[PDB]
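Okay, here we've got a single chain as structure tokens, the form solved without nicotinamide-adenine-dinucleotide, with questions on binding and movement later.
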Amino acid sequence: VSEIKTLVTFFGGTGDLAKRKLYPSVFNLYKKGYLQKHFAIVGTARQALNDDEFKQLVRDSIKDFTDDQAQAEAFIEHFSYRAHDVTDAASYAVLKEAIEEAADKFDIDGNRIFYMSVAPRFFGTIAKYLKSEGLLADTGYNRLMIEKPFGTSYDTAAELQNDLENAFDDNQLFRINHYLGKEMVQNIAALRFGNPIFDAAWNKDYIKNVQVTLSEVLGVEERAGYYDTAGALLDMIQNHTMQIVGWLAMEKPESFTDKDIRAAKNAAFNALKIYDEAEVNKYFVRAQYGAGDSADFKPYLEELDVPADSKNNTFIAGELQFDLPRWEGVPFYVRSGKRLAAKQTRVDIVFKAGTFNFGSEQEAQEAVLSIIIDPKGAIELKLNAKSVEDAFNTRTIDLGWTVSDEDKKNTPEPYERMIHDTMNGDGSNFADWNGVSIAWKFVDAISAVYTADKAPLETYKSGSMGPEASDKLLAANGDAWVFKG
């Protein structure tokens, strides 16, 4: 294939994430023939290691992904290490050499990517020094991959953005987002813009309401520590839900270039309504899971590392409003939670029921277009048809499709996609500042009410699909959740 000439530097190269997902993902790119000769991978972290040790660690990383050990070895040849502390300005000069050495060794003309697989606290610092100690390629591109999370509020995120903008331009910042880089999520645009019947129907005239669902069966388990101060709101809503919504609510772009796609999404985000106390109580529902029908389904407050006085949300459901002509009056329902009926990630576009009366006992109903993202990719379409009865009558039928085993094999894992995207400079599947900022502004307004405790905290049974209030949220507009569990 067309070879990719790039030099990647992994800050936090000794970390679990690197050897657990990053390195294997980069290996696949080698196997697929993308990375061939003109490329290098410079690992870095505080822990001192001689090349042999690092290369072995990499060897352990790509173990289960190896078939021909010789091919793997030829790959490992492209790795190098350098002990380094991120707070030491002078210490950076060591790294500059490592990078410029590897560059020479394989004749790589710039094209540098810096993957910060380190704690949030070091993002701004590392960025600042890459610029100061002339680590940025004087030719070719320079791109930065910011691991999650990007801020914990609007202000912290704005701060982070400021620090990064002192060394990079926004179109060079590639923020990691799991669900945005998922095969099915990218289908949305194709379904919509690729089929005129849907494209022309993507608006208020045909759509009754849109639904996004991020359901998880598991509970908090051990993530209690950080989860207790983040909850579903920041963990699932602010990032995954919000960006998926972006693909759905976007206008029709002038073309499919990441630039036009982004401008299109932003048009929507800029129209999103930010709520006040009263509105958050009306359009949103915050809940925490209680006990299930068994003992092992312990209430949230009985989970390890969870404070008894906690009023943290293990579930969030709310209505989004877009002040755009296209979505005038079209509700966007979102929900994400733990200890729910089943692991499911899906989007349900509910179309308005036709007004043509057949005189049947059962008149026309609402058609539903459904995109199943997790676990198995699927696309369903509930249509109106004639029931098999003596008298003329209508009913709904489900037209369905599922990914094949072949599609299931050739599908690239998230990290490999994101990393590969960055190498090509494809920001299409990435959140930009405008989107991230709005998402934060939006969530910030909600968090305010929750921290202040000026909103009730519902409770629900472990195994259900949430609190009753969730269903009542939609019933208020005469709607209902398509996915029932």
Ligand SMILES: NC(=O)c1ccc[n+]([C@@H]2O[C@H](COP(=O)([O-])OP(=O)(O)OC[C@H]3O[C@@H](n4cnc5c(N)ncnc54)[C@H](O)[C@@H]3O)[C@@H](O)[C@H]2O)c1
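All residue numbers are counted from 1 along the displayed sequence.
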item	value
404-412 versus 184-192 - which carries the larger mean C-alpha B factor in the record	404-412
Per the entry, higher mean C-alpha B factor between 145-153 and 76-84	76-84
Which of 398, 235, 107, 159 ranks first by CA B-factor in the deposited coordinates	107
Per the PDB entry, maximal CA B factor within 59, 32, 420, 441	59
Chain thirds of CA B-factor: placement of residue 229	highest
Relative C-alpha B-factor of residue 201, binned into the chain's lowest, middle or highest third	lowest
Entry-reported Cα temperature factor of residue 469, expressed as the chain third it lands in	lowest
Third assignment of residue 43 from its chain's C-alpha B-factors	middle
Ranked C-alpha temperature factor of residue 336 among modelled chain residues, by third	lowest
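Keep in mind that the form solved in complex with nicotinamide-adenine-dinucleotide is not shown, yet the notes after this line are about it.
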property	result
Residue contact check: residue 468 to nicotinamide-adenine-dinucleotide in the entry with it bound, 4.5 Å heavy atom	no
Contact of residue 45 with nicotinamide-adenine-dinucleotide in the entry with it bound (heavy atom, 4.5 Å)	yes
Heavy atom of residue 18 within 4.5 Å of nicotinamide-adenine-dinucleotide in the entry with it bound	yes
Non-hydrogen atom contact residue 117 with nicotinamide-adenine-dinucleotide in the entry with it bound at 4.5 angstroms	yes
Region of this chain that lies against nicotinamide-adenine-dinucleotide in the entry with it bound, out of 300-308, 274-282, 72-80, 118-126 [heavy atom, 4.5 Å]	118-126
Sole residue of 204, 395, 148, 408 within 4.5 Å of nicotinamide-adenine-dinucleotide in the entry with it bound, by heavy atom	148
Candidate from 86, 99, 249, 261 lying within 4.5 Å of nicotinamide-adenine-dinucleotide in the entry with it bound - any heavy atom	86
